[PDB]
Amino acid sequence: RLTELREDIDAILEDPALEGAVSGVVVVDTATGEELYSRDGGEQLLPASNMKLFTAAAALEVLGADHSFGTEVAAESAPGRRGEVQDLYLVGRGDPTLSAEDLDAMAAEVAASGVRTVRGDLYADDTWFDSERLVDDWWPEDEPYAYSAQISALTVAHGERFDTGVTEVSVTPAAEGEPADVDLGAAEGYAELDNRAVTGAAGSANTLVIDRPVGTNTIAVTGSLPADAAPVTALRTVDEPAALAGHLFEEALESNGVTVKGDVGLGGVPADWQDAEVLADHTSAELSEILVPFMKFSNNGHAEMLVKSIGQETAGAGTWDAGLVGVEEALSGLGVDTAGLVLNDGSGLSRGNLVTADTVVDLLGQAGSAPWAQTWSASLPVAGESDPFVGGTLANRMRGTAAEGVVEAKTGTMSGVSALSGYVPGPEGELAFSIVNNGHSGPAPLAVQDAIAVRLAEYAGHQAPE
């Protein structure tokens, strides 16, 4: 029975999709510590988004499942009979799920607190983290796209997935030959618009491109949208998420009857402020709930923000240097051997990250017996589950196989790198596996990863739902 499995995995790994690739594959029975399968287990490889496994476990160690995140609004003193204040500060302390609606609710509080007029300026304070927006070795060409959003302590999260530091651009065709209509979403009045796009004939080819040119705050739109096309939406990053948050907050104040007379910019609450008056605040959901959209959809912004929150909690430093040491120390304190680990970010976007499949499985075992094991487990994509908040990045993989509804695993893919690691619960014991592939030259070997996870599900005693 055990010899069949090794033969079957051996054969799966001969697939031509893995030509010239190195593949770390480890499978362990977690009830006994029995190594069921091991190849290139100690080989150092890029993890891509499997890096998030390390980040999530450390966040739960350092911050706790009950940890929540605060945002507040501050003036030098409370408002008067006249209901006036001078400068106002919106202060972000690392909430990765702060919505436009949370801004409106804080704006209503400011009004309710007696403010009618902000006579001075509105400043967006993100000083709880440092102002290092991107990791050194991240690629500049990626910057326009949600997964490369700038990192800040104060950022507005979009939608129920809470994509941070982005705006939703919507392009709608007009009559043929008329410019396409571009709607910048939340960044209206914040980001600049360079719209060169036209509406093409009905049935013409869609060549529409939406860019943010490197080192600018301009949404540049080119190409041609067919007159008969459905409108196109895309998430695009902005420069300085905190200043977009400031912009949206100004609007929310105005919309709740509070007149802002001055300008909007970045700035930290002055040191010379004696006893700041907190005029409004907001508390995020607890980390256990935040772990769901973070890990199910592999949210890079959430990961980096949790690293810096780790740096804040361990060292008073909202920094990658500090946060990444904190991740490593949390993992060690958990009993994980971190010798094979090189940590350059929390999300796994960085090509400077390294793991080994053995280190991954080690972590899977330690996390499985931690006090927070269930919270952690619930955050992982579940093979083949059609509800996006349940199936996550595995929603349309492994359907109608023994893995469906059973395998819980984290994904990860970029150019030349793909990974799948997690658990296979069986009638007998929970299996832990890690599959890390580097160096394949075609599509990410997802079918190969599926075949192994499916084989493990079967071995554990499972059968495909019909």
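By rigid core we mean the largest C-alpha set that fits within 1.5 Å across both forms. Numbers for residues come from their place in the sequence shown, where the first is 1.
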message: Can you check whether 424-432 or 38-46 lies farther from the displayed model in 8 other deposited structures of this protein, averaging C-alpha distances as RMS after superposing on the core?
response: 424-432
field: Stretch with the greater mean C-alpha B-factor as recorded in the entry, comparing 66-74 against 40-48
entry: 40-48
- prompt: Out of 221-229 and 153-161, which stretch has the higher average CA B-factor listed in the record?
  reply: 221-229
message: Take the CA temperature factors straight from the PDB entry and tell me which of 242, 395, 85, 248 peaks.
response: 85
message: Ranking every modelled residue in this chain by its Cα temperature factor as given in the entry, which third contains residue 311?
response: lowest
- request: Looking at the entry's B-factor column for C-alpha atoms only, identify whether residue 116 ranks in the lowest, middle or highest third of its chain.
  value: highest
- request: Classify residue 141 as lowest, middle or highest third according to the C-alpha B-factor given in the PDB entry, relative to its own chain.
  value: middle
task: Rank-wise, by C-alpha B-factor, drop residue 426 into the lowest, middle or highest third of its chain.
output: highest
- request: Could you say whether, by C-alpha temperature factor, residue 254 belongs to the lowest, middle or highest third of its chain?
  value: highest
